[PDB]
Every structure is written in structure tokens, then in C-alpha cells.
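Structure data (mmCIF, C-alpha atoms and all ligand atoms) from my_file36.cif:
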data_query
#
loop_
_atom_site.label_atom_id
_atom_site.label_comp_id
_atom_site.auth_asym_id
_atom_site.auth_seq_id
_atom_site.Cartn_x
_atom_site.Cartn_y
_atom_site.Cartn_z
CA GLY A 1 -11.83 -4.13 4.88
CA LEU A 2 -12.26 -1.95 1.77
CA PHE A 3 -14.33 -4.84 0.44
CA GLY A 4 -16.28 -5.28 3.71
CA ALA A 5 -15.63 -9.04 4.00
CA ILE A 6 -12.50 -9.31 6.19
CA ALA A 7 -12.74 -7.66 9.58
CA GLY A 8 -16.24 -6.98 8.28
CA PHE A 9 -19.33 -9.03 7.70
CA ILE A 10 -17.13 -12.05 8.25
CA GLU A 11 -15.65 -11.15 11.59
CA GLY A 12 -12.96 -13.78 12.16
CA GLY A 13 -10.20 -16.11 11.00
CA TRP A 14 -10.20 -19.90 11.13
CA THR A 15 -7.10 -21.17 12.93
CA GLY A 16 -8.84 -24.51 12.22
CA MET A 17 -8.41 -24.19 8.46
CA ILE A 18 -4.78 -24.79 7.61
CA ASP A 19 -5.21 -26.03 4.03
CA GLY A 20 -5.09 -22.54 2.48
CA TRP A 21 -6.06 -18.88 2.66
CA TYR A 22 -9.71 -19.18 1.66
CA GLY A 23 -12.09 -22.01 2.59
CA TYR A 24 -15.50 -23.20 3.63
CA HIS A 25 -16.83 -24.43 6.94
CA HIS A 26 -19.49 -27.22 6.94
CA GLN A 27 -21.62 -29.11 9.41
CA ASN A 28 -23.71 -31.94 7.87
CA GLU A 29 -25.20 -34.42 10.34
CA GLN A 30 -22.38 -36.75 9.30
CA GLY A 31 -19.91 -34.32 10.92
CA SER A 32 -18.02 -30.99 10.85
CA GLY A 33 -14.79 -29.66 9.25
CA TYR A 34 -12.74 -27.34 7.00
CA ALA A 35 -11.85 -27.48 3.35
CA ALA A 36 -9.82 -24.76 1.71
CA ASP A 37 -10.61 -23.64 -1.80
CA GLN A 38 -8.03 -24.70 -4.39
CA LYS A 39 -8.88 -22.49 -7.33
CA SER A 40 -8.96 -19.22 -5.36
CA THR A 41 -6.15 -20.01 -2.97
CA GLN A 42 -3.84 -21.16 -5.76
CA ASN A 43 -4.68 -17.99 -7.65
CA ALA A 44 -3.92 -15.73 -4.74
CA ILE A 45 -0.78 -17.76 -4.15
CA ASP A 46 0.27 -17.35 -7.76
CA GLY A 47 -0.55 -13.68 -7.96
CA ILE A 48 1.10 -12.59 -4.74
CA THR A 49 4.10 -14.64 -5.78
CA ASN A 50 4.24 -12.69 -8.98
CA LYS A 51 3.85 -9.48 -7.02
CA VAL A 52 6.85 -10.04 -4.81
CA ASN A 53 9.01 -11.16 -7.70
CA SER A 54 7.96 -8.24 -9.86
CA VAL A 55 8.83 -5.75 -7.22
CA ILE A 56 12.19 -7.36 -6.57
CA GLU A 57 13.11 -7.52 -10.29
CA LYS A 58 12.71 -3.78 -10.51
CA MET A 59 15.68 -3.70 -8.08
CA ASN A 60 18.88 -4.22 -9.93
CA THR A 61 21.29 -5.48 -7.21
CA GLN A 62 23.94 -2.90 -6.13
CA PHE A 63 27.51 -3.36 -7.55
CA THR A 64 30.80 -2.17 -6.12
CA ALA A 65 30.43 1.39 -4.87
CA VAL A 66 33.30 2.60 -2.70
CA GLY A 67 33.60 6.23 -1.70
CA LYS A 68 36.04 8.69 -3.16
CA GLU A 69 38.83 10.57 -1.45
CA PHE A 70 39.55 14.34 -1.88
CA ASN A 71 42.31 16.72 -0.75
CA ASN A 72 41.76 19.92 1.18
CA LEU A 73 41.48 22.11 -1.93
CA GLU A 74 38.65 19.98 -3.25
CA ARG A 75 36.01 20.78 -0.75
CA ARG A 76 33.47 21.87 -3.45
CA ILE A 77 33.75 18.70 -5.36
CA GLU A 78 33.84 16.60 -2.16
CA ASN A 79 30.59 18.34 -1.29
CA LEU A 80 29.22 17.74 -4.77
CA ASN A 81 29.99 14.09 -4.30
CA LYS A 82 28.27 13.93 -0.92
CA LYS A 83 25.27 15.66 -2.35
CA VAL A 84 24.99 12.96 -4.96
CA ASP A 85 25.47 10.17 -2.46
CA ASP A 86 22.90 11.64 -0.11
CA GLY A 87 20.54 12.50 -2.90
CA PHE A 88 20.35 9.04 -4.30
CA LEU A 89 20.15 7.56 -0.81
CA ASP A 90 17.11 9.68 -0.07
CA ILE A 91 15.42 8.66 -3.20
CA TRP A 92 15.99 4.96 -2.74
CA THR A 93 14.97 5.08 0.90
CA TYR A 94 11.78 6.95 -0.01
CA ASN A 95 10.99 4.61 -2.88
CA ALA A 96 11.51 1.49 -0.84
CA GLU A 97 9.45 2.54 2.10
CA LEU A 98 6.69 4.25 0.22
CA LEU A 99 6.17 1.32 -2.10
CA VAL A 100 5.94 -1.14 0.77
CA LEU A 101 3.34 1.07 2.56
CA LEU A 102 1.18 1.52 -0.47
CA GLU A 103 1.48 -2.06 -1.68
CA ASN A 104 0.73 -3.51 1.65
CA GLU A 105 -2.67 -1.85 1.49
CA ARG A 106 -3.25 -3.26 -1.98
CA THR A 107 -2.32 -6.76 -0.96
CA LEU A 108 -4.68 -6.84 2.02
CA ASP A 109 -7.40 -5.44 -0.26
CA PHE A 110 -6.72 -8.24 -2.73
CA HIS A 111 -7.36 -10.90 -0.03
CA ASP A 112 -10.51 -9.16 1.23
CA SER A 113 -11.67 -8.99 -2.41
CA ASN A 114 -10.96 -12.65 -3.26
CA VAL A 115 -13.06 -13.69 -0.21
CA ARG A 116 -16.03 -11.53 -1.24
CA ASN A 117 -15.82 -13.04 -4.75
CA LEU A 118 -15.95 -16.50 -3.25
CA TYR A 119 -18.95 -15.81 -1.04
CA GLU A 120 -20.90 -14.14 -3.83
CA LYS A 121 -20.08 -16.95 -6.31
CA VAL A 122 -21.64 -19.37 -3.85
CA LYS A 123 -24.55 -17.10 -3.13
CA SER A 124 -25.38 -16.92 -6.85
CA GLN A 125 -25.45 -20.75 -6.86
CA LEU A 126 -27.76 -21.33 -3.87
CA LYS A 127 -30.40 -18.53 -3.93
CA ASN A 128 -33.67 -19.96 -2.59
CA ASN A 129 -32.18 -23.36 -1.70
CA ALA A 130 -30.57 -21.64 1.36
CA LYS A 131 -30.71 -18.34 3.33
CA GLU A 132 -28.19 -15.65 4.32
CA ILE A 133 -27.61 -16.60 7.94
CA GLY A 134 -24.90 -13.96 8.58
CA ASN A 135 -21.10 -13.82 8.73
CA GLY A 136 -20.62 -15.58 5.41
CA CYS A 137 -22.95 -18.49 6.20
CA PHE A 138 -25.67 -20.12 4.27
CA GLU A 139 -28.38 -22.35 5.75
CA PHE A 140 -29.68 -25.11 3.54
CA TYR A 141 -33.47 -25.27 3.00
CA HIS A 142 -32.82 -28.93 2.22
CA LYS A 143 -30.75 -31.69 3.77
CA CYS A 144 -27.33 -32.24 2.16
CA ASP A 145 -24.37 -34.59 2.74
CA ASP A 146 -20.57 -34.75 2.59
CA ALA A 147 -20.46 -35.79 -1.07
CA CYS A 148 -22.98 -32.99 -1.71
CA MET A 149 -20.75 -30.61 0.23
CA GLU A 150 -18.21 -31.33 -2.52
CA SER A 151 -20.67 -30.04 -5.15
CA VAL A 152 -20.53 -26.61 -3.58
CA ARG A 153 -16.78 -26.36 -3.37
CA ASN A 154 -16.91 -27.80 -6.90
CA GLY A 155 -18.68 -24.75 -8.31
CA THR A 156 -21.15 -27.27 -9.80
CA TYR A 157 -23.94 -27.52 -7.18
CA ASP A 158 -27.13 -28.57 -9.00
CA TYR A 159 -29.73 -25.92 -8.04
CA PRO A 160 -32.61 -27.77 -9.75
CA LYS A 161 -31.84 -31.10 -8.06
CA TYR A 162 -32.89 -29.61 -4.68
CA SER A 163 -35.13 -26.74 -5.76
CA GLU A 164 -38.20 -28.92 -5.33
CA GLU A 165 -37.26 -30.03 -1.85
CA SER A 166 -36.22 -26.56 -0.70
CA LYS A 167 -39.37 -24.95 -2.11
CA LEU A 168 -41.82 -26.80 0.14
CA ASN A 169 -39.38 -26.37 3.03
CA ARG A 170 -38.90 -22.62 2.66
CA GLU A 171 -42.63 -22.13 2.18
CA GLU A 172 -43.35 -23.32 5.72
CA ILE A 173 -41.81 -20.13 7.23
CA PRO B 222 59.18 23.79 10.31
CA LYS B 223 60.72 20.42 11.19
CA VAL B 224 58.44 17.46 10.49
CA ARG B 225 59.73 14.08 11.68
CA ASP B 226 62.79 16.15 12.48
CA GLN B 227 63.37 17.39 8.96
CA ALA B 228 63.44 20.92 7.66
CA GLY B 229 63.71 19.38 4.19
CA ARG B 230 60.78 18.04 2.21
CA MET B 231 60.48 15.57 -0.56
CA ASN B 232 57.60 15.42 -3.07
CA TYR B 233 56.56 11.94 -4.22
CA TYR B 234 55.32 11.50 -7.83
CA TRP B 235 53.77 8.84 -9.95
CA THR B 236 52.76 8.10 -13.54
CA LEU B 237 51.44 5.36 -15.75
CA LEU B 238 53.90 4.61 -18.57
CA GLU B 239 51.98 2.87 -21.30
CA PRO B 240 53.00 -0.26 -23.14
CA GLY B 241 55.70 0.82 -25.57
CA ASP B 242 56.35 4.17 -24.05
CA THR B 243 59.73 5.21 -22.68
CA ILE B 244 60.29 7.40 -19.63
CA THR B 245 63.46 9.42 -19.30
CA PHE B 246 64.87 11.02 -16.23
CA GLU B 247 67.42 13.76 -16.38
CA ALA B 248 68.96 15.32 -13.27
CA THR B 249 71.73 17.44 -11.75
CA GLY B 250 70.57 16.75 -8.24
CA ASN B 251 67.51 16.27 -6.11
CA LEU B 252 66.16 13.20 -7.95
CA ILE B 253 64.97 10.32 -5.75
CA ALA B 254 65.23 7.73 -8.54
CA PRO B 255 62.79 4.92 -9.05
CA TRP B 256 64.32 1.62 -7.83
CA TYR B 257 61.36 -0.83 -8.11
CA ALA B 258 58.26 -0.25 -10.21
CA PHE B 259 55.01 -2.14 -10.78
CA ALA B 260 53.45 -3.71 -13.87
CA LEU B 261 49.70 -3.51 -13.47
CA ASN B 262 46.90 -5.97 -14.00
CA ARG B 263 43.50 -4.18 -14.32
CA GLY B 264 40.51 -5.87 -12.65
CA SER B 265 37.22 -4.25 -12.01
CA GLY B 266 34.87 -3.80 -9.04
CA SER B 267 37.74 -4.02 -6.56
CA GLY B 268 38.37 -1.09 -4.26
CA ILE B 269 39.76 0.34 -1.06
CA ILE B 270 37.88 0.21 2.17
CA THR B 271 38.52 1.35 5.69
CA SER B 272 37.83 -1.24 8.29
CA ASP B 273 38.93 -2.59 11.61
CA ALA B 274 37.08 -5.87 11.23
CA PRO B 275 39.39 -8.94 11.22
CA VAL B 276 40.12 -11.00 8.11
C1 LIG C 301 55.29 4.24 11.67
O1 LIG C 301 54.18 4.82 12.27
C2 LIG C 301 54.37 5.29 13.59
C3 LIG C 301 53.15 6.09 13.96
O2 LIG C 301 52.30 5.09 14.45
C4 LIG C 301 55.58 6.17 13.75
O3 LIG C 301 55.89 6.20 15.12
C5 LIG C 301 55.32 7.37 15.74
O4 LIG C 301 55.96 8.54 15.27
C6 LIG C 301 55.88 9.73 16.01
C7 LIG C 301 56.97 10.61 15.42
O5 LIG C 301 58.19 9.94 15.64
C8 LIG C 301 56.17 9.54 17.50
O6 LIG C 301 55.79 10.69 18.23
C9 LIG C 301 56.95 11.37 18.75
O7 LIG C 301 57.34 10.93 20.05
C10 LIG C 301 58.59 11.52 20.40
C11 LIG C 301 59.41 10.81 21.50
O8 LIG C 301 58.70 10.54 22.70
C12 LIG C 301 58.35 13.01 20.63
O9 LIG C 301 59.57 13.63 20.95
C13 LIG C 301 57.87 13.67 19.35
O10 LIG C 301 57.54 15.02 19.58
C14 LIG C 301 58.49 15.92 18.93
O11 LIG C 301 58.38 16.00 17.51
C15 LIG C 301 57.08 16.37 17.04
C16 LIG C 301 57.06 16.55 15.52
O12 LIG C 301 57.52 15.39 14.83
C17 LIG C 301 56.56 17.65 17.70
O13 LIG C 301 55.16 17.70 17.46
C18 LIG C 301 56.85 17.73 19.20
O14 LIG C 301 56.55 19.01 19.71
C19 LIG C 301 58.30 17.31 19.52
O15 LIG C 301 59.28 18.22 19.01
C20 LIG C 301 56.73 12.88 18.67
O16 LIG C 301 55.48 13.20 19.22
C21 LIG C 301 55.41 8.38 18.10
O17 LIG C 301 56.02 8.09 19.33
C22 LIG C 301 55.40 7.13 17.24
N1 LIG C 301 54.24 6.37 17.61
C23 LIG C 301 54.39 5.17 18.14
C24 LIG C 301 53.13 4.40 18.49
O18 LIG C 301 55.51 4.70 18.32
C25 LIG C 301 56.79 5.63 13.02
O19 LIG C 301 57.69 6.70 13.01
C26 LIG C 301 56.40 5.25 11.60
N2 LIG C 301 57.49 4.65 10.85
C27 LIG C 301 57.78 5.01 9.60
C28 LIG C 301 58.93 4.33 8.95
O20 LIG C 301 57.15 5.85 8.99
#

I need this file expressed as C-alpha cells, please.
Amino acid sequence: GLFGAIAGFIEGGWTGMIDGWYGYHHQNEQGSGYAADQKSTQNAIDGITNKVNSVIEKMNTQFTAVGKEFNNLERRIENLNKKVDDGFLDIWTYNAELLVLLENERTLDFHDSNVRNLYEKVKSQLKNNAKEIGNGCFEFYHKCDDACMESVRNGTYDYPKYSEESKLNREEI
Amino acid sequence: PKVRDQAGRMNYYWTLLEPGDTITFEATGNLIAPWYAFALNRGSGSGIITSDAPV
């Protein structure tokens, strides 16, 4: 992971999560579960969709191309013609393969990067109210519930509304 | 040399006579006259291929 998240500080995938590519895990006393992130996932969806389509548009589909015949006094021009056929075939084969190599790296990067963005966007919301407990996990300095879990995934978690509670909790360390 | 048992040879020829044009043959021997000819309809992106796959 060029962005250190995937196959990095967040070691694993969640075969549990099946909603989408990026998501949170939560365990409030009320219970556990998975909830994939709409905004990010839909973005990644949209983008990567655009990426495949953009690459494919650059490929005009091939029209009728049948080979040419030549008689035995036309060896030079039959060879010229093979040179062209082989020359273009090398170029398209090289372009196709090289593109797919390079762009596969970019795509995986993209996903790694989106994940890091997510994490850090949460981290900048919580701060004191929770601590970095490793592998993309926060631990709440205060008690929180399922409806509250939806404030996080909302991008609207109210840091003041629990800053009091978390303060006197954190300060017992 | 004899090919298909023939020490004689025959060259085949073709030509596209354009709408309006006239083609005249004159001979004192050796002409293998046209008997049937073909009026052409141009398409595009057709072609000739070599295949042993079944239709
Ligand atoms: C339609 O196409 C077929 C070809 O698929 C063609 O029939 C083939 O023609 C050749 C020539 O007639 C045949 O091969 C010959 O076989 C005879 C008899 O057994 C041999 O004597 C021949 O050898 C002599 O002549 C040769 C030169 O022409 C010399 O090379 C040789 O040294 C001998 O002097 C010759 O090999 C063949 O048998 C058939 N093939 C089949 C599958 O029948 C047919 O003629 C074509 N029809 C038309 C209208 O074009």
C-alpha cells in the first residue's frame, strides 16, 4: 500500500461487510455489525466506472481488415505489407498490456487512498473523545449508542456534546 | 511443358467497363470471347477469407 492503509496499518479485509468497498465496524453494548460508507463507496464506484469507460472509448472498434494477396514478383511489397501489419500489431499489443499494468497500480492506489481519507476524516472528528487503538480503530472515551454510531458515519458527530464526558474519563488514565 | 496435358497456354484477362463505355474486340484468331459478363454492385467492408470452418 503506497498509502500505507491497505495491507498496511489496516491489515485485513472484512468478508463480513458486503454493503460496499469502504465501511466501518462497530460494537456498542447494544450489539455489533458492519455499515459501508455511501459517499466514499459511491464515489469510488463512479470514478472507477468512468475509468474503465474512458479507457475503452479510446479504442475505436476494429473494422473489416482482410489481408492482401501478392504474386511472386511482388515479394518486396508483400514484405512491406507484412511489416506494416506486424508493426501495428506490436504497437497495439504493447499499448494494451502496458496500460493495463500501469493502470492497475493506479487503481489499487486509489482504493488505498480513499480508505486513508476516510480514517483521517473520522480521526479529525473525534480527537480527544477517543484514542488510536490500532488497525484503523478508535476507542470511545465516552459511551455511545447505535443512533450515535450513525452520527459518525454521518460526518456530523458532535464533538462538544461528548467532550465534557470524555474529558473526565480520559483524565483518569 | 505439358500442364494438365496441354503444351498450349491461355491467358485470362479482365477489365471494368464503365457505365457508358463501349468495349470492342477485334481478332483474326486466338480470342477466347466473353460469353457471360457481370454487372457489379459495390458494397463495402466485405472481403475474402480463407477458412475451413462450416457455414
Ligand atoms: C478440379 O480440381 C481437381 C483437383 O482437386 C482436379 O482433379 C485433380 O487433377 C489432377 C490433374 O488431373 C489429378 O492428378 C493427376 O492424376 C493422374 C491420374 O492418376 C496422373 O496421371 C497425373 O500425373 C501426370 O500429369 C501430371 C501433370 O499434370 C504430372 O505431374 C505427372 O508426372 C503425370 O504426367 C496427375 O497427377 C488428380 O488426380 C485430381 N485430383 C483429384 C482429387 O481427383 C480436377 O481436374 C479439377 N477440375 C477442373 C475442371 O479444373

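For chain A, the residues within 10 Å of chain B are residues 63, 64, 65, 66, 67 and 68 of chain A, with only C-alpha atoms used to measure distance.
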
Test item: residues lying within 10 Å of ligand LIG 301 (chain C) with all atoms listed in the file, as a PyMOL selection string: chain B and resi 222-227

Could the residues in this selection be saved with C-alpha atoms as a short mmCIF file (atom, residue, chain, number, x, y, z; two decimals), in the coordinates of the input?
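Wrote it out as again_9.cif, contents follow:
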data_model
loop_
_atom_site.label_atom_id
_atom_site.label_comp_id
_atom_site.auth_asym_id
_atom_site.auth_seq_id
_atom_site.Cartn_x
_atom_site.Cartn_y
_atom_site.Cartn_z
CA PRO B 222 59.18 23.79 10.31
CA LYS B 223 60.72 20.42 11.19
CA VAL B 224 58.44 17.46 10.49
CA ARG B 225 59.73 14.08 11.68
CA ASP B 226 62.79 16.15 12.48
CA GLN B 227 63.37 17.39 8.96
#

Residues near residue 253 (chain B), cut-off 12 Å, only C-alpha atoms, skip fewer than 6 positions along chain, as a ChimeraX atom specification: /B:230-234,246-247

Contacts of residue 21 (chain A) at 12 Å (all atoms listed in the file; same-chain gap of 4+ positions) as an MDAnalysis selection string: chainID A and resid 13:17 34:45 110:112 114:115 118

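When CA of residue 26 (chain A) is paired with CA of residue 138 (chain A), their separation reads 9.8 Å.
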
Shell around residue 259 (chain B) at 12 Å using all atoms listed in the file, local window under 3 positions removed, as JSON, numbers by chain: {"B": [235, 236, 237, 238, 255, 256, 262]}

Per residue of region 13-57 of chain A within 12 Å of region 90-106 of chain A, which atom pair is closest and at what distance in Å (one decimal), using only C-alpha atoms, listed by chain and increasing number, as CSV?
residue,atom,partner,partner_atom,distance
A:48,CA,A:106,CA,10.7
A:51,CA,A:103,CA,9.4
A:52,CA,A:103,CA,10.1
A:55,CA,A:99,CA,9.1
A:56,CA,A:96,CA,10.6

Atoms kept (C-alpha atoms) for selection, written as a short mmCIF file (atom, residue, chain, number, x, y, z; two decimals), keeping the file's coordinate frame:
data_model
loop_
_atom_site.label_atom_id
_atom_site.label_comp_id
_atom_site.auth_asym_id
_atom_site.auth_seq_id
_atom_site.Cartn_x
_atom_site.Cartn_y
_atom_site.Cartn_z
CA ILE A 48 1.10 -12.59 -4.74
CA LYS A 51 3.85 -9.48 -7.02
CA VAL A 52 6.85 -10.04 -4.81
CA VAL A 55 8.83 -5.75 -7.22
CA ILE A 56 12.19 -7.36 -6.57
#

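Note that CA of residue 82 (chain A) and CA of residue 272 (chain B) are 20.2 Å apart.
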
Build an axis-aligned box that encloses every atom of region 85-104 of chain A listed in the file, pad it by 6 Å on each side, and report its centre and edge lengths in Å to one decimal, as lines of an AutoDock Vina configuration file.
center_x = 13.1
center_y = 4.5
center_z = -0.9
size_x = 36.7
size_y = 28.0
size_z = 18.9

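Using all atoms listed in the file, the residues found no farther than 9 Å from residue 167 (chain A), other than those of its own chain fewer than 4 positions away, are residues 128, 129, 141, 142, 162, 163, 171 and 172 of chain A.
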
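In this structure, CA of residue 130 (chain A) sits 8.5 Å away from CA of residue 170 (chain A).
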
N, CA and C atoms are needed for region 246-270 of chain B; please write them out as a short mmCIF file (atom, residue, chain, number, x, y, z; two decimals), keeping the file's coordinate frame.
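Written out: out_9.cif:
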data_model
loop_
_atom_site.label_atom_id
_atom_site.label_comp_id
_atom_site.auth_asym_id
_atom_site.auth_seq_id
_atom_site.Cartn_x
_atom_site.Cartn_y
_atom_site.Cartn_z
N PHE B 246 64.68 10.14 -17.35
CA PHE B 246 64.87 11.02 -16.23
C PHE B 246 66.15 11.74 -16.49
N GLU B 247 66.17 13.04 -16.27
CA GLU B 247 67.42 13.76 -16.38
C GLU B 247 67.59 14.57 -15.11
N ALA B 248 68.79 14.61 -14.53
CA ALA B 248 68.96 15.32 -13.27
C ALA B 248 70.37 15.84 -12.99
N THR B 249 70.45 16.97 -12.26
CA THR B 249 71.73 17.44 -11.75
C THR B 249 71.69 17.56 -10.24
N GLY B 250 70.61 17.05 -9.66
CA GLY B 250 70.57 16.75 -8.24
C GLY B 250 69.12 16.51 -7.88
N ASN B 251 68.85 16.22 -6.61
CA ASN B 251 67.51 16.27 -6.11
C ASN B 251 66.56 15.19 -6.62
N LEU B 252 66.99 14.35 -7.54
CA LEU B 252 66.16 13.20 -7.95
C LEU B 252 66.23 11.98 -7.02
N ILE B 253 65.08 11.57 -6.48
CA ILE B 253 64.97 10.32 -5.75
C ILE B 253 64.56 9.25 -6.74
N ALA B 254 65.52 8.67 -7.45
CA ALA B 254 65.23 7.73 -8.54
C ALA B 254 64.30 6.61 -8.16
N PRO B 255 63.49 6.19 -9.12
CA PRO B 255 62.79 4.92 -9.05
C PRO B 255 63.80 3.85 -8.84
N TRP B 256 63.56 2.93 -7.91
CA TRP B 256 64.32 1.62 -7.83
C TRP B 256 63.52 0.40 -8.27
N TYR B 257 62.31 0.25 -7.72
CA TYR B 257 61.36 -0.83 -8.11
C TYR B 257 60.07 -0.24 -8.62
N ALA B 258 59.48 -0.82 -9.65
CA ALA B 258 58.26 -0.25 -10.21
C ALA B 258 57.29 -1.40 -10.36
N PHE B 259 56.07 -1.12 -10.83
CA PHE B 259 55.01 -2.14 -10.78
C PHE B 259 54.27 -2.30 -12.09
N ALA B 260 54.21 -3.50 -12.64
CA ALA B 260 53.45 -3.71 -13.87
C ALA B 260 52.01 -4.13 -13.51
N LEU B 261 51.02 -3.43 -14.06
CA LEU B 261 49.70 -3.51 -13.47
C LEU B 261 48.74 -4.44 -14.18
N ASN B 262 47.97 -5.20 -13.43
CA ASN B 262 46.90 -5.97 -14.00
C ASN B 262 45.53 -5.38 -13.63
N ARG B 263 44.78 -4.87 -14.62
CA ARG B 263 43.50 -4.18 -14.32
C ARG B 263 42.41 -5.19 -14.00
N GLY B 264 41.62 -4.95 -12.96
CA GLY B 264 40.51 -5.87 -12.65
C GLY B 264 39.28 -5.08 -12.97
N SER B 265 38.20 -5.32 -12.23
CA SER B 265 37.22 -4.25 -12.01
C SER B 265 36.42 -4.59 -10.78
N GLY B 266 35.69 -3.60 -10.25
CA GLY B 266 34.87 -3.80 -9.04
C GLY B 266 35.67 -4.29 -7.84
N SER B 267 36.92 -3.85 -7.74
CA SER B 267 37.74 -4.02 -6.56
C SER B 267 37.57 -2.68 -5.84
N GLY B 268 38.35 -2.44 -4.79
CA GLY B 268 38.37 -1.09 -4.26
C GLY B 268 39.10 -1.02 -2.95
N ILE B 269 39.05 0.15 -2.33
CA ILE B 269 39.76 0.34 -1.06
C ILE B 269 38.73 0.59 0.00
N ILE B 270 38.83 -0.10 1.12
CA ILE B 270 37.88 0.21 2.17
C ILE B 270 38.58 0.43 3.50
#
